[PDB]
């Protein structure tokens, strides 16, 4: 049995950023441990569906370790060991007892703590949840962690020049379809929803991506459902069957149908809210000395006066800093300001790149040029509720223009006339 004053459970983005805050706050050797089921030090996860999948000049570790993704310094495994921070890799915790402050691994090793920081992220929803026949076939892959990314890279080489089907229509389904196309695959996207990224995109925003992807050679089958998979004598996938009877040939199948907060170890031990571990404005759970950050946390989103849960890389870096600041502040009888996060998400595929700030609530106003054949497309959208701008999206914006739409989402400016807003468009944020 090993004991540490602070234990971080998980080794992803929030864990790496929490360790950086711990080092900045002064942490003595032997105080902090990080237990991860992955075999590598914390890395910037968004790179896994972007640069990691490039056919040439691909991003590889140690290059994209935290905190380079936000302009910070790189944390190789040596960064942890030189500071006396024990990085405990390839160790999966299968039991957590908050009353006895004990975590147990699959091989039976036990770890105790004084402060626990839950940073377990999300697990992928598999097609087994829907009872999809043949979902267990080989070459049917998911993409969450670097292990999956290495498997995907290897399968891309083995089946290069063949047919790929991506199941899912969110930003992951779009990013993986783009990745398979640039790796010389014949790619089809199947998703039951009427348009891609239906949780954020409107039909107007999605129409641009659908037409852009079609020009790139991708077949976007919206309003389509994969009901089964054919496999050969070897067990490898050979086809994806759809609800309508149509069959698509497939050498590889990549799935991106979402995830769920990885809160299993603590069910019944902590208060929950909307699928996440409920926390206050400092990320502390219903259990004193237990904190929850990143994807797992359902926290007060101060500017919206509601409890919210997000799958954002900015939130994962920021909530980690906030939780450590609160823990270290408490040691000196000090308090820290309440977490004031502005929702921010971004995606990348082909030569495109969009940014989203705020809340996608109310009615939307599309501005700019949404022609997918244009050499430099630049369009966006504003979300208006109660006569104020709540959300802002922009594809093809510059650093100045992205800061302008982030400024608009933060200040929630009044829209006196939507006729004037439709006249100014992006200039409304830029002025």
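Positions refer to the first chain, counted from 1.
Per-stretch averaging of Cα B factors for 359-367 and 22-30 places 22-30 on top. Higher mean CA B-factor, judged across 289-297 and 107-115 from the recorded values: 107-115. Highest CA B-factor among the listed residues (134, 121, 71, 343): 134.
Taking the deposited Cα B-factors for 279, 214, 322, 99, the highest one is held by 99. Ranked against the other modelled residues of its chain, the C-alpha B-factor of residue 51 as given in the entry falls in the lowest third. In the deposited entry, the Cα temperature factor of residue 181 sits in the middle third of values across the chain's modelled residues.
Looking at the C-alpha B-factors along this chain, the one for residue 57 belongs to the middle third. Sort the modelled residues of the chain by CA B factor and residue 130 lands in the highest third. Ranked against the other modelled residues of its chain, the C-alpha B-factor of residue 160 as given in the entry falls in the highest third.
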